[PDB]
Amino acid sequence: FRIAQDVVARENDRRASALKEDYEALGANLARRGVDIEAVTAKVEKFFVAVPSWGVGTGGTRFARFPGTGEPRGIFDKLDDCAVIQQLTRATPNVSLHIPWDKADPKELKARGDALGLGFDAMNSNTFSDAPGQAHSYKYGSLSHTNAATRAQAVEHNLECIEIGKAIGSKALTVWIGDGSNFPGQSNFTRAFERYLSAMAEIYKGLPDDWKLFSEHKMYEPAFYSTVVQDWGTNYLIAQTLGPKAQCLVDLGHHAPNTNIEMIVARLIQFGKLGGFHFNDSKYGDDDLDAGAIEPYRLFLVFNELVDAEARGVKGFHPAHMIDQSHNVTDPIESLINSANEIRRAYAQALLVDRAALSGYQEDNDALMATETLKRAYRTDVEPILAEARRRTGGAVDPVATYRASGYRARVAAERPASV
Amino acid sequence: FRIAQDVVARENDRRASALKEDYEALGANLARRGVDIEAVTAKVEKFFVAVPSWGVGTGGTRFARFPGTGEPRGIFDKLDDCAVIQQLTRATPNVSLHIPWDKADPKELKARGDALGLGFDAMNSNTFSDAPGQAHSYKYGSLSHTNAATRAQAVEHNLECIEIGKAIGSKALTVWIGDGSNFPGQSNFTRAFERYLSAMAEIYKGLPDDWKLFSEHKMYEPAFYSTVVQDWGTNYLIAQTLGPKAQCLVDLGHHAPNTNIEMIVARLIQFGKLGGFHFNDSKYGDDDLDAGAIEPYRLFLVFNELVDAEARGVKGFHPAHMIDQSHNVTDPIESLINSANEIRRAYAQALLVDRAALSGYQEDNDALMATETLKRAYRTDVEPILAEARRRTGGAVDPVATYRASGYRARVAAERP
Amino acid sequence: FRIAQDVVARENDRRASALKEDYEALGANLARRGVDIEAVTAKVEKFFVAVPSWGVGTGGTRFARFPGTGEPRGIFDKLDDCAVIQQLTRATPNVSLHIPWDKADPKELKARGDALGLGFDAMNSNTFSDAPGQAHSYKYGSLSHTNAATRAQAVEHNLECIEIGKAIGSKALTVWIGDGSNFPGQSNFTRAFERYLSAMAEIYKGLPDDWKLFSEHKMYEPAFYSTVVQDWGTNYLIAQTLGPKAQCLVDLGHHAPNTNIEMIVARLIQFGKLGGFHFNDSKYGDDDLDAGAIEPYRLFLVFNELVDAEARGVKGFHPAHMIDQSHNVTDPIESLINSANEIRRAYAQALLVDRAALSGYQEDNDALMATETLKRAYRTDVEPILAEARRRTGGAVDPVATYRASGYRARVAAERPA
Amino acid sequence: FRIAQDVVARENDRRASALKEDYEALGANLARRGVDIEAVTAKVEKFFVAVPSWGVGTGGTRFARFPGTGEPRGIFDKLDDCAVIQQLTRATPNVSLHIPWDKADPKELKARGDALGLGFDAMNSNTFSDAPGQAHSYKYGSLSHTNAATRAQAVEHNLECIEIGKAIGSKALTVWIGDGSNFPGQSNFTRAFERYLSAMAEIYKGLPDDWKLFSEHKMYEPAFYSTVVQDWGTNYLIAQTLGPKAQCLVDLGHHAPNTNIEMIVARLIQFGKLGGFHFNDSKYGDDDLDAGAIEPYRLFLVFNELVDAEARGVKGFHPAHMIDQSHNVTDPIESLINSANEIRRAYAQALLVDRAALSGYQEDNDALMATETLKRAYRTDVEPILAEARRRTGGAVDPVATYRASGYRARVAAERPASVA
Ligand SMILES: [Co+2]
Ligand SMILES: [Co+2]
Ligand SMILES: [Co+2]
Ligand SMILES: [Co+2]
Ligand SMILES: [Co+2]
Ligand SMILES: [Co+2]
Ligand SMILES: [Co+2]
Ligand SMILES: [Co+2]
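Residues numbered from 1 in each chain as written, not as in the entry; some residues may be left out. Chains lettered and ligands numbered in written order. Heavy atoms only, no water. Residues with missing side-chain atoms left out of burial classes, pairs and counts.

This entry lists X-ray crystallography as its structure determination method and reports a resolution of 2.00 Å.

So this is what it looks like as structure tokens:
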């Protein structure tokens, strides 16, 4: 146990009385509304989101990186930190690895995961940066590079990711690349996309029968003029071209200003190409901030579309959700904990929406009551539900407060030497 | 009473039991947080926001307008409908008039106002459209038009708005114009602004000493290349140049994409030039949608700055808040009702912020706990306080439900073409 | 001759000398560049773009409309005005009609266009506004409205547009609706889209073998929260679903801030769904400003994709281009004239691009020389070519000057109601 | 000379003929327009823009940095590369230094500059990153940090930049900081700004009589929720508050999407607070791309405002312009060369605007002709002027071509060790 059980128990006991009061009060309010609080809690305690191994370390910008104390040394230190997030929130049982950053003997990775009670989610390839001893640079691209040798090298790396994933229990490969141009004319849009499609087709060949290949669109950065996989439209063309095993990943902060993101989610679902959603928040661009910290209502609206899919009876809809954030000014462990909480928060709220009433207001074009129907769900403070779900599953009523009480950061700070 | 008191009473009793349960539960939860729910309710029942006379009728776009039934025929019908908003929400006791749309015997206006239990907020001039018999067109601008005669006409119009305002009890004049250009080179940025400043100086000269002159910035529309009063920066220069009685109005949907609007509010407050906030919500441009319907957190963050100004003890801070929305696909009255409700919702939540805790987390640079401190307030469902505040002041526990149960829309539908 | 031939001739001879100088100098410069100026001029004079019948009237905003003098009373006055643009620029041979605004006797329309030297392009349906006596309001939608009867009414209207078009020579129907929602929850995104697809399928069935059905995306307005056909992504799904005769229209001002519009053009072409491009310019949203008045380089880059498509030999690629603008502060005829010119300006510069050189820098990943290769074409002032092309084809060397010299505005102003 | 004179001479001669043809053709067309080409060229050859010392090294993003060959290490390597840009374009005689990156003995800096034919422009402080051994971290801010000792350290560092600048001929300190917040509530907007203003007042006290203090606004990055000096409105408030010696810097890519930047430029000039403009181009955010590579017309429109002010010499108008870009996928030297060219290009075209005619169309509200008046100047291919200006001043007719013909990049690559072969 990364966090002492007695600490968790002690902090839970200290907040038990208030939780009892808030939960029962909420339960009665929900009951008056025709909702069984126990049914919501039961689903909430089963909602999981993958944590990125690269998120437990402090992030930075091109201007600077301000590391905190006890930064994880390698993938093993990262898994140990991810274990804390899962133990306290019980909402992140799976970790998403990034190759070559997390490269290590698959058997050891698996053994560490099992010992910590962590599983492994989608593998993530890396052809947006150069590794040492690399025959060809990705400066001008990878899978869509003009040079065939460079594209084949990118393909082999991705195939390697699949091999590592197969050995640790992963069932998917996420592909996000920086491929694009910074100047008009630098790239022939169409030829670059044709090259990308051919490369991906190669990667697709290496997928096991029960694996998925996820392509992730991004409007810009690292490319500042054009990006090959720039939006969901190109993303759809990709998945539809590759085949049944290919789907699209929607990363919240990867869209143009004012984009109606929840609509994109609904569209991809309608055409069965929503592989998953990558959570984070933003105000300006791909800020990679804590989910829900900037626009909590938008996060709720995305979940409303995810829950409606279930309500409409969409078949075989098992999206792979993951958090993809960069924590530049907070303890990474604490930010991921509260971000996972916000994600469960919005999910619980989407579960509260009176779909019956909603359908009636949509049918009658009663816009005001339709929006108020969503608001009645969203305005509901579901924290007691999230808290109780944690208590029941061995987690903490107040994750961050328990984390701080355990003095975990100080402990790892003393165990881990800062880089020189 | 636009709405029968017996209907109000009925629709309140029907929900009183549930409200009592919710209010008490919240009272206990707030007590555990060291907050007296009674103190919050007392503040909420006193929070008012002006309603735009022109928002009570159905709005439309350049593509089309789809009026509903019982549309107001003029200012008097508009006041009648505004009276419904005030009676049920008790959060909009003052109406903001727009001239010449609402031109009418000032004495008559005041009469109906008093009768309906309404007052008049800031006056709104209109030099972004031409009126009947108007000598010069405002097609190429008004207060900053290249033609002197046009500018003088614009100035005179604003002065007339002041005269009408003084007669009905208004204490401020709001000036928003579309002045700008649609092509590069069309206007000379600096000269157009110089002309605007001089005209506003004339208007300012005709201001009573207990009056204020509000200028309102907008990034674009109707001008699609440049706008004289395009942002708060230009707006500040305007207020600073004109004088102590001149301040800046901040309309939520009037800023560039991703603008940090709450920061703009803070800046203006710090330099004492925040005349008021024009509430509404948006996703794309100046959508003029129901407040909080798109980004309720942003609305709360704006109120966080408003409430912090008080906690910081800022003096003389008494901003003139007003709703400025267009209701294209809903009953204007219901939208205004829920919007005014949302504005009080954000205010109440802001009142819940533990300032001491927040202050400590900011000084120590504990970003996570600092943001969590705001969320603890924001995540609180203050609806019970809003409903109770209304109930205690003669309003409806559920305004829209009561509005619909009264059949008011059907009634005016019969009385109007 | 809507504009006296003596004026045109006079205004041309008055500038003919300077033009020969500029044209001969440019011809020399291009020659030093291995470019035959005559080849460029021959292509330019053949480039056309449809003009919107509703474009010759003064537009406005939700705040106000300031009409000028001599405002057209209807389609016939509009056609008389469109004839002016075509006579002087020789770049707008066809006019795009909008129903019910231009509803009239097909024979009348055709006879007039033939007499004015104008043809008829894509038809435009209108279910984003209510007409007198209309049985069902489009307030909450049309082709995607929740009410079956309302959708049927919208479908019937579109089919009626096809009938009108068949009688006047049109070969395409363009569908742009305001369908969407202003509030979260008001609409169920998927169900609305399904309804839309089903209605469009009914319209598709009524298409002649040689007709095309164009769907046009728009991020927002009149809908301020969500729009059924919000972007090219949804638009592609529509075109692919409907069939071979269904394609996508890209209107420049209809995208999110900072969107790379030229890429959307390349993507739709790659998959054979680029029905056409609707020209205009913008800085904030769907401003509908004169083409190239805000970002002429972007206009150029859009044409770079169009020209590259031809150069690569893309099969069956014949976009249905049209101008879609709102003129709120200028004489509508003059803006359309210069907009059409701005379009040909960008087209001509795109033609000057050394494709082999660009291709080489692209393969070598020489980003600097690649962008410079485009700039060498873009920086070139091709005004002489545009001017010469107009002169040789019966147009005006300086269109707007000739237009103002003819005193046409004052004329129609005296013949039309205030 | 970084580049051999014989190479410059040879490459100029190779293009001399075509240039004469185009220049004469343009001078003729301009003559017919009532414009004397010589009057333009004369001003163009005198238009300079400072080059950032950090601009000659390959840039990167948070995801990666892909260095090219012969990367300059240290300020001396950088000045050597900046010297190339000046020799070939003659538009970048001064270099802007960044402390602590370019920290070195002033006497040696001055000497190396004089030797290369380079002068020194505005000094640039750095409190948006941490230096080794630094007492206080700038993680949560610098000049506006809640910790007093941290602000003091920030202030002392800026004062140190002023001292270095005084020793090498600089007359200004440019201050761009990352100070802001990533989460609502993290910072108290007003208090942070009050702390910032108080700290800047201290720096202001250390300014010589003939020095200027430039503050630079940026909408976001590194801060992703709020930034203390977020826009020109806040920036104006800073300058006005600080005093006559404080002005504002406008960096093209530091504004919200669709912002009308040329208007901001006009407003600052009107109120005498436009300290300078930092050139680069962008499409999505602060992309720091090559000037004019994305929106050349916007660049011209900014210069239309500058040229107008320049003609009618306005009180307080003496801009300290500088290029501030990141070259992630091109030879930094080549990009800076073509960027400086674009800057002069817009300047030249703005110089061709018929102000009398423009003023007329503006007074009559003839929007169509007003915009066309601007376009007639913008559409003019002024390359002949730019190239003739360079040729007359010891530069190269085609700068990049000459740079490539010289083999300079290959030359420095053999002199400077890369990280790997
Ligand atoms: Co992601
Ligand atoms: Co990202
Ligand atoms: Co307003
Ligand atoms: Co507005
Ligand atoms: Co449009
Ligand atoms: Co269009
Ligand atoms: Co800068
Ligand atoms: Co920057």
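That was the structure; now back to the text.
All names here are of chain A. Pairing is parallel in the open sheet, where six strands are placed in the order β4-β5-β7-β9-β10-β11. Taken across any chain shown, the strands that pair with only one partner, and hence form the sheet edges, are β4 (123-124) and β11 (322-323). Here β4 runs beside strand β5 (residues 172-175); their pairing, made up of two bridges, is parallel. Directly across from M123, in β5, lies its bridge partner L173. (Pairing = 2+ DSSP bridges. Helix = DSSP H or I, 4+ residues; strand = E, 2+ residues; numbered from the N terminus.)

Another point: the pairing of β5(A). All names here are of chain A. Burial along β5 is two-sided: the face carrying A172 and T174 and the face carrying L173 and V175 are both buried. Crossover handedness for the path β4 to helix α5 (residues 148-168) to β5: right-handed. Two elements, β5 and strand β7 (residues 212-216), share four bridges in a ladder whose sense is parallel. By the bridge assignment, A172 is partnered in β7 with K212. (Buried < 20%, exposed > 50% of the residue type's maximum accessible area, 1.4 Å probe, protein only. Right-handed = clockwise from strand over helix to strand, strands pointing away.)

All names here are of chain D. The sites that UniProt annotates as "binding site: Mn(2+) 1" (unreviewed entry) are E216, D251, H278 and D324. Separation in sequence by 109 residues is not matched in space for these annotated residues, since their most distant C-alpha atoms are only 12.1 Å apart. Relative to the helices and strands, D251 resides in strand β9 (residues 246-251). In this structure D251 comes out as buried when scored by relative accessible area, which is 0%. Excluding residues within four positions of it along the chain, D251 makes contact with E216, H278, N280, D286 and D324. Along the polypeptide, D324 turns up in the loop between β11 (322-323) and α10 (332-351). The class for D324 is buried, based on a relative accessible area of 15%. Other than its neighbours up to four places away in sequence, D324 contacts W54, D251, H278, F279, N280 and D288. There is a polar contact of 3.4 Å between the side chain of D324 and the side chain of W54. (UniProt positions renumbered as here; feature names shortened; annotations may be inferred. Contact = heavy atoms within 4.5 Å. Polar contact = N/O pair within 3.5 Å; in protein donor to acceptor, adjacent residues only side chain to side chain.)

The next thing to look at is helix α3 (residues 74-89) of chain D. Residues and elements named next belong to chain D. Here α3 contains 16 residues, and its C-alpha end-to-end distance of 23 Å stays within 8% of the 22 Å for a straight helix at 1.5 Å per residue. With 14 of 16 residues buried, α3 is to be regarded as a mostly interior element. Once α3 finishes, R90 follows within two positions and takes phi at roughly 60°, a positive value. (Expected span 1.5 Å × (residues − 1).)

Once that is clear, we can look at the interface of chain C and chain B. Residue-level contacts link 41 residues of chain C with 43 residues of chain B. Per-residue buried area on chain C facing chain B is highest for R62(C), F66(C) and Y284(C); these three make up 21% of the total on that side. Scanning the region where chain C abuts chain B turns up six salt bridges. Residue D288(C) pairs with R62(B) through a salt bridge whose shortest N-O separation is 2.8 Å. Between the two partners, chain C and chain B, sit 11 residue pairs in polar contact. Considered class by class, the residues forming the side of chain C that touches chain B number 20 nonpolar, 11 polar and 10 charged. (Buried area = accessible area lost by both parts, 1.4 Å probe. Salt bridge = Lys/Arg side-chain N within 4 Å of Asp/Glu carboxyl O. Nonpolar A, V, L, I, M, F, W, Y, C, P; charged D, E, K, R; others polar.)

Attention now moves to the coordination of the cobalt ion (ligand 3). Residue and element names in this part refer to chain B. Around the cobalt ion (ligand 3), the protein contributes the donor atoms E216 (OE), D251 (OD), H278 (ND1) and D324 (OD), at 2.5 Å from the metal centre. Coordination at the cobalt ion (ligand 3) is tetrahedral, judged from the four donor atoms that bind it and the angles of 95 to 133° they form at the metal. Along the chain, the residues donating to the cobalt ion (ligand 3) fall in the pattern E-x34-D-x26-H-x45-D. Between the cobalt ion (ligand 3) and the cobalt ion (ligand 4) the interatomic distance comes to 4.7 Å. (Donors = N, O, S within 2.8 Å, 3.2 Å for Na, K, Ca; no water. Tetrahedral: all angles 85-135°; square planar, octahedral: opposite > 155°, others 65-115°.)

Turning next to helix α15 (residues 408-415) of chain D. An α-helix turns once every 3.6 residues. As a result, residues three or four positions apart point the same way. All names here are of chain D. Regarding α15, the residues found buried are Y408, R409 and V412. On an axial view of α15, the arc spanned by its buried residues comes to 100°, and they lie on one face. Of the exposed residues in α15, the ones pointing more than 90 degrees away from its buried face are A410 and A414. As for α15, its buried residues are in contact with α3, α10 and α14 (399-406). (Arc of directions from axis to C-beta.)

Between chain C and chain A, the contact holds 53 residues from the first and 54 residues from the second. The contact between chain C and chain A buries some 4,600 Å² in all, and 56% of this surface belongs to carbon and sulfur atoms. On the surface where chain C and chain A come into contact, there are zero salt bridges. Put simply, the parts of the chain that give the side of chain C that touches chain A at least two residues each are α6 (189-205), β8 (226-227), α7 (232-242), α8 (261-270), α9 (296-311), α11 (355-363) and α12 (367-378) of chain C.

Okay, the packing of α5(A) against helix α6 (residues 189-205) of chain A next. A pair of packed helices can be characterised by two numbers: the angle between their axes and the separation between those axes. Residue and element names in this part refer to chain A. Where α5 contacts α6, the two axes come as close as 9 Å, and the packing angle between them is 35°. The crossing of α5 and α6 is right-handed. For the pair formed by α5 and α6, the contact residues are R151, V155, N158, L159 and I162 on the first element and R195, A199, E202 and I203 on the second. Here the contact of α5 with α6 is built from residues that sort into five nonpolar, one polar and three charged. (Axes fitted to C-alpha atoms, helices over the stretch in contact; angles between N-to-C directions. Left-handed = near helix turned anticlockwise from the far one by under 90°.)

Moving on, we get to the pattern of salt bridges. Inspection of every chain in the model, using the stated rule, returns 145 salt bridges over all chains. Put simply, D22(D) and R32(C) hold a salt bridge, and the shortest N to O gap is 2.8 Å. Of this pair, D22(D) sits in helix α1 (residues 5-32) while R32(C) sits in the loop between α1 (5-31) and α2 (37-44), which puts the two residues in different chains. The exposure class of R32(C) is partly exposed, given its relative accessible area of 40%. Bridged by salt links that share partners, the residues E372(A), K375(A), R376(A), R379(A), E342(B), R345(B), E383(B) and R390(B) form one connected network.

Turning next to the side chain of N260(B). One can find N260(B) in the loop between β9 (246-251) and α8 (261-270). Under the relative-accessibility criterion, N260(B) is labelled buried at 6%. A distance of 2.9 Å separates a polar side-chain atom of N260(B) from the backbone nitrogen of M263(B). Only 2.9 Å separates the side chain of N260(B) from the backbone oxygen of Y225(D), close enough to count as a polar contact. If near-sequence neighbours (up to four positions away) are discounted, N260(B) is found in contact with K283(A), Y284(A), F189(D), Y225(D) and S226(D).

Mapped onto this numbering, the UniProt entry gives "binding site: Mn(2+) 3" (unreviewed entry) at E295(C). Within the element layout of this structure, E295(C) appears in the loop between β10 (274-279) and α9. On the basis of relative accessibility, which here comes to 16%, the residue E295(C) falls in the buried class. Excluding residues within four positions of it along the chain, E295(C) makes contact with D281(C) and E295(D).

The subject of this paragraph is the packing of helix α3 (residues 75-89) of chain B against helix α14 (residues 399-406) of chain B. All names here are of chain B. At a closest axis distance of 9 Å, the pairing of α3 and α14 adopts a crossing angle of 125°. Taken together, α3 and α14 sit at an angle that is classed as oblique. Of the two elements, α3 crosses α14, and the hand of that crossing is right-handed. In this structure, α3 uses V84, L88 and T89 to contact α14, whose residues at the interface are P399, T402 and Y403. (Parallel < 35°, antiparallel > 145°, perpendicular 65-115°, else oblique.)

Time to look at unusual backbone geometry. For residues other than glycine, phi is negative in most cases, and the peptide bonds are mostly trans. Cis geometry marks the peptide bond from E221(A) to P222(A), where omega comes out at 0°. Take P222(A): it is sitting in the loop between β7 and β8 (226-227). The amide bond that connects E221(D) to the next residue, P222(D), takes the cis arrangement and shows omega of 0°. Within the element layout of this structure, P222(D) appears in the loop between β7 (212-216) and β8 (226-227). Even without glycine at this site, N258(B) takes up a positive phi of about 70°. Checked against the element boundaries, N258(B) lands in the loop between β9 and α8. Judged by relative accessible area, which is 18%, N258(B) ranks as buried. For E221(D), a relative accessible area of 16% gives the class buried.

The subject of this paragraph is the side chain of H217(B). Tracing the backbone shows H217(B) in the loop between β7 (212-216) and β8 (226-227). Separated by 2.9 Å, the side chains of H217(B) and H255(B) make a polar contact.

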